[PDB]
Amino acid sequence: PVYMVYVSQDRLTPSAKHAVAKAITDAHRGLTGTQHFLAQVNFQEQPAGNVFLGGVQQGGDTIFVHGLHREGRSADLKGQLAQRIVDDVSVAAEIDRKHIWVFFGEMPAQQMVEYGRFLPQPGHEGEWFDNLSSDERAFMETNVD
């Protein structure tokens, strides 16, 4: 999956960024079974004051998580993943839950590419990884914390 995380510039230190990204990555892995290295967290930082709620300009506490996933998972599983991302990002950023928005969008895996390769269906991460070439597997393995 890709998680776009929109935050206010300098609201998260490098450490907080690391922690929030490990929080989402672990949640995704623990609930879906997708390998760690298939989960991308991409921080989009903007100047604080670039976020309006009901027209009211915000300080710098709002986090928006747009998660882009393969289709095929249940409403239930996705609900549990969204709630775990709320809880865990709240703890990682030290930001109260009222500031956290999370949207999940899904697409057919056949129109989804990661590391230059088309993704498999959600059950099939193991076979797929096993059939990649050697150097591709090697590159992927180093993106695990």
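Note that residue numbering begins at 1 and tracks the sequence as displayed.
* Asked: Looking at the entry, does 36-44 or 90-98 show the higher mean C-alpha B-factor?
  -> The stretch with the larger average C-alpha B-factor is 90-98.
* Please work out which of 110-118 and 79-87 has the higher mean CA B-factor as recorded in the PDB entry. => In the deposited entry, the stretch with the higher C-alpha B-factor mean is 79-87.
* Asked: Based on the entry's values, in what third of the chain does the Cα temperature factor of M140 lie: lowest, middle or highest?
  -> Middle third, going by the recorded CA B-factors of the chain.
* Among the chain's modelled residues, which third holds the C-alpha B-factor of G123? -> For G123, the deposited C-alpha B-factor lands in the highest third.
* What third of its chain, lowest, middle or highest, does the C-alpha temperature factor of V56 fall into? -> It falls in the top third of the chain.
* To do: Pull the Cα B-factor of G30 out of the PDB entry and bin it into the chain's lowest, middle or highest third.
  => For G30, the deposited C-alpha B-factor lands in the middle third.
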